[PDB]
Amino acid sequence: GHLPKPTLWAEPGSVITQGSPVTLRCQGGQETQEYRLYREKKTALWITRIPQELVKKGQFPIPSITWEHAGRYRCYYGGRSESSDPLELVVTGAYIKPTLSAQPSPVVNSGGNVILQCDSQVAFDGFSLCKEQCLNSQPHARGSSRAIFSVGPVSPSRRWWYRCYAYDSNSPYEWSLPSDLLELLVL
């Protein structure tokens, strides 16, 4: 027949601060069941610890996330369906926090673009920029562990709040503590 690849998502989201709650949702449609979540590359042990009741409903809750929970996940149901697109679960708070700046400034004209700079006091091969949806960048040419991002066009009609993270690619799903919140003043 036609078993549509299910939809996988995290609530409240996929980038969650260590110690905090989150619930992985897999839902193909109807009231139920044969949902099967698994982490890519290394079996995730908490999944096996989810009450069949929640699994038929496609709810895989994590009361208190830990670095061990991080990873790329996919789920399916069942004949079976294709695996859902990957959901990368991220935990933050593992390394010192970088600093986020807007060059030249947070104040920018409507429809314009601004360069956001993420600087780390300790070297890293990976940086992330999220808007309270993240962007992933490698370091930038001239900087001692700094990634620079380009955001725009900005518009007043929208909220432009950012935070950036530094991480080691050896474990791409464990990010540093978030940077202070950076608010863009569109004009």
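When you see a residue number, it is the position in the sequence shown, counting from 1.
Asks: With respect to the deposited sequence, is there a break between residue 132 and residue 133 in this entry, and if so is it 1 to 3, 4 to 9, or 10 or more residues, or none at all?
Replies: In the deposited sequence, 4 to 9 residues between these two have no coordinates.
Asks: Between residue 78 and residue 79, what class does the number of missing deposited residues fall in: none, 1 to 3, 4 to 9, or 10 or more?
Replies: In the deposited sequence, 4 to 9 residues between these two have no coordinates.
Asks: Between 99 to 107 and 79 to 87, point out the one with the higher average CA B-factor as the PDB entry records it.
Replies: Of 79 to 87 and 99 to 107, the stretch with the higher C-alpha B-factor average is 79 to 87.
Asks: Read off the CA B-factors in the entry, average them over 64 to 72 and over 30 to 38, and name the higher stretch.
Replies: 30 to 38 has the higher mean C-alpha B-factor.
Asks: Using the temperature factors in the entry, find which of 3, 8, 181, 184 has the highest value at its Cα atom.
Replies: Of the options given, 3 has the highest CA B-factor in the PDB entry.
Asks: Using the B-factors in the PDB entry, rank residue 126's C-alpha atom against the chain and give the third, lowest, middle or highest.
Replies: As the PDB entry reports it, the C-alpha B-factor of residue 126 lands in the lowest third of its chain.
Asks: Quick check for you: using the entry's CA B-factors within this chain, is residue 138 in the lowest, middle or highest third?
Replies: Answer is middle: the recorded C-alpha B-factor places it there.
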